[PDB]
Each structure stands twice: as C-alpha cells, then as structure tokens.
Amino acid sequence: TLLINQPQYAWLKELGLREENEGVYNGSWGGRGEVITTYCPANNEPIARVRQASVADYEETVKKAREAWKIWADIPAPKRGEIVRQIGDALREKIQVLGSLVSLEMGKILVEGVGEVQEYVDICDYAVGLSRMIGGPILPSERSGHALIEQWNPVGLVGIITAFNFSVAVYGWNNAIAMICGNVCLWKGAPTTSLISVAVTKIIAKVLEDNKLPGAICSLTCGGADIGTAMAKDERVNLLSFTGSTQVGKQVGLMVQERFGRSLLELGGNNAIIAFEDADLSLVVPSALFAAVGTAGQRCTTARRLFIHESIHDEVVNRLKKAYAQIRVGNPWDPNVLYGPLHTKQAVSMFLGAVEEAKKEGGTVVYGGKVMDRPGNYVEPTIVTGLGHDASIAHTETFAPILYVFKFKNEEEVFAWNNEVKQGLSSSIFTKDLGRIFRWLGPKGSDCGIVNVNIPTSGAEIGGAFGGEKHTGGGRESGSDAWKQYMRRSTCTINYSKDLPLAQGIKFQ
C-alpha cells in the first residue's frame, strides 16, 4: 500500500529510502519518538514512514553535535569549503531523483523541485569560494605599535528549522553557509516533508563519513513543535535559523531573546506587485501569473496583492483571467503540468475560509475560488477584485493561491499601500519611468528586503541576501555578507610594543 513498495516508485530507493526510515542522524541513525507516515498531496496516498526524535534523541544529538564542533571548528575554512564542495557534487548526482521526491512528498511541479535542489547545489558552489574569503579587515590603530584586527569565529551550533514549502533550498542556504563558517548544524524540518529531510541528510551523511568526519556536524532530529520549541529554549543552540509562520516565529524570537540567544527569522510575506500606467503589459500579465500561481501560491514570496493603475486595471484583470484559464493542472511530476496541489488538507480549509472571508469583506471572485473536485489537495487559482487595500483579509497572509487586486491612481499612495502591511518580504513594480524606479529603491520607496523592478516577487538569486523586514523577522540568508549572521565578531587590539598609549589620548599617571 505504501508508494515506496510499488514498482513505479522504485526510484525512491535511489535515495536509500525504505519502508520505515530513521528520522534522527547524529553520526548514527535512530529515532525513539513517534513513527510518522508522510502522504503524497496529489493523491493522498502514503509514501513511507519516518521514526521521529524522542526527547532523549534530541538531547543526545545536541551533545554529539557540540562534541563534533570541537573537531570541525579546527578545520581551516577552505578545507571546510572542500567538504561543502563534495556536498554539492553529491546533490548534483541525485538532483533528478531528489527533485522527484520533492514533487512527490511536497507537491510542487518537477521543474521547481529540481530547481530547489539546484539552489542547494548553487549555494554550495558559492560557499566554496566564500570559504577562502570570510573574515574582517585589519584596521589602522590610532596607537603606535598596536594592531587592530576584526576577527570572525563560528557561533557553534546552528539550529535550522524549516517549513514545508522549501524543504531543501532553505536548509541548503543555511547549511552551506553555516558549515564554511565553522558551525555544526541541527535540522528539524516540517513533519510533512520528513522523507525529504532524511534523503538530504543521507546524502550529506555519506560525505561526512567518506571524509571520516563526525556525522553530527550535520545532525537531523525529525519532529514537530516540541522539538522546535526545545531548540528555541536551548542554550546550546547558539543560533536558531527559523523559517515558518510569523506567528510561530514571533514565539521563537522571544524564546531565543529570553536566553540571549541569536535568531535568524524568515517569516511571512504579503507581497505586492504594482503595475503603473506605462508598464509593459506583456511583462506584467505573465509575471503576475507565475508569481501568483507558481508553487500553487505557497512561496513566502508569492504575489498576493496586485495594485494596478486605474487606466489599465480592467485590461490587466481580463488578460489575467484569460491566462488563468489556460493553467494546466495535474500531478506535479507529469510533463506540461504547471500547477499542482496544496501541501495539506488543512491548507485547503484555510484557502476556503480566506475566499469566503474575502466575500464577506465585500470582495468579488472573478476567477476560481473553489476546491477542485479531484483526488488530492487541489484548489483553483483565485483572483479577487473590489476589496479595499486595507481589508483585513488582504492584510492577512494566507498560504494559498488567492490574488487580491486593487486600483490606484498615484505613485505616493500605492507606495504607502505596499508598505502598510505588517509583513515586509518582497515587492515589485512594473514601470518604464526612470525616476520612479530609483524612488522605489530609495528611502521613500519599498520597505521590503526584496525590491524588484519589472520582475515578479519571486525574483531572487543566491548572490544577494534573502530575507525581509518588519514581521518577516529581519534575518538574511544566502549571499552578500549574510554569512556574518553565522559567526561572532571580535574587535582585537594587539599591543606588540613596550609602551601602553591609551586611546583618545588619555594620560593616566
């Protein structure tokens, strides 16, 4: 009955998955907690079983991870980079079967699932060179015979808590950067993506073991909210990188702050696209479609608000409706499929209430709005007109493919409206006006961490830092100097002279 027992999914064994899999890795495999069965969201069938971490399994893994950091922190960064280079190779070798699992257990289409593995591969290749670059400047001291040096050192144990929607890429950014920076990692993923977590962990575990490194450098404790809470409350977890809901993340932030820990928070988005009157509509319509319906509207960067200038509102909405009607729906791993299921049945329920709540706040469904009558967690991609930009349902983040559309007239109000929500992840304007683009990029422009021009809200690459402002939680991942979040800075002054001159010219005798 389990998909992994059927001959058509024999490919799952290419990842080393079996019937029932150990969900805890710390150099050894195990798991004394509850056994969980994950399901294919396209057809509600069970895939395989994962043994979750008990509290004793969590405890022993933290201790072994900390034992392993002592070895790992002594490995020169570029040699740590070499390990990350081999992780990238191992991922590359299995990119098609691993992306296939992502489509199967999580539900995004195959191009996006292989693309998610490619991000992990790409951030590995990026971290290899960065492992020869991380550090600070040597600075000119004002004091004779003194050296002034900025040093960076690992923070220790990096806990990484991931959500269902990027069960691979988010861990990848975190793991590749944390590791070249000399940290050990502990991973607790979403329970509905446990097999993905195990399959990735197996890939990394073999690379550590092939290099005779302690496996707990990249530990795994599959589990639910109690393992996540324990990590937030645990003083041995020096940095906690949490990706998830704003609601749960706020509590994670408070528990880490209570113990003077470090948190890296990637929380909810309520991302706006703005199309001005001079916008290229050949760019607006398909950009908005991909950004809205891509991954069935379940990215943190999904376009959820569409502001259109008064003069072109109707035309964009009509053209958007024409294009929605051609979205090809089916199993996420079949060719030509563009749109698959939601990840859980609860997500369908949240979708339905969102749509009803938008009707009750005076919105009009111009496209979609219904559960699709088919096996799996499938809902129609939905467009809502007529809500005021300050409608409660438009300010709520709903992880479902609902696009609230608004009119506007001038730039100043619509910039404000982009900025008025609690979230602050991604944002995008479509315009040709040079002055407006640099204003959008300026202090009176977009307040988000991602600020795009003539591309949708899901336009990001690993070269820059990834994260948001306000209720998105402030953290950054991937590129630029985001590695500094995974290390502690020391300002170091070395008197190599025989004298003791004091800063700011203070004479003390």
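All residue numbers refer to positions in the sequence shown, first residue = 1.
Visitor: Look over 180 to 188 and 432 to 440 in the entry and identify the one with the greater average Cα temperature factor.
Guide: Comparing averages over the C-alpha atoms only gives 432 to 440.
Visitor: Mind pulling up the entry and telling me whether 332 to 340 or 227 to 235 has the higher mean Cα temperature factor?
Guide: Higher mean C-alpha B-factor in the PDB entry: 332 to 340.
Visitor: Given 202, 360, 85, 250, identify the residue with the highest C-alpha B factor in the PDB entry.
Guide: Result of the comparison over 202, 360, 85, 250: 360.
Visitor: If I read the C-alpha B-factors straight from the PDB entry, which of 38, 28, 44, 478 is highest?
Guide: Each of 38, 28, 44, 478 was compared by C-alpha B-factor; the highest is 44.
Visitor: Please place residue 446 in the lowest, middle or highest third of its chain by C-alpha B factor as given in the entry.
Guide: CA B-factor rank for residue 446: lowest third.
Visitor: Split into thirds by Cα B-factor across the chain's modelled residues, where does residue 143 land: lowest, middle or highest?
Guide: Middle third - that is where residue 143 ends up once the chain's C-alpha B-factors are sorted.
Visitor: Split into thirds by Cα B-factor across the chain's modelled residues, where does residue 462 land: lowest, middle or highest?
Guide: Highest third of the chain for residue 462's C-alpha B-factor.
Visitor: Determine, from the deposited record, the chain-internal third of the Cα B-factor for residue 489: lowest, middle or highest.
Guide: For residue 489, the deposited C-alpha B-factor lands in the lowest third.
Visitor: How does residue 378 rank on Cα B-factor within its chain, lowest, middle or highest third?
Guide: According to the entry, residue 378 has a C-alpha B-factor in the chain's highest third.
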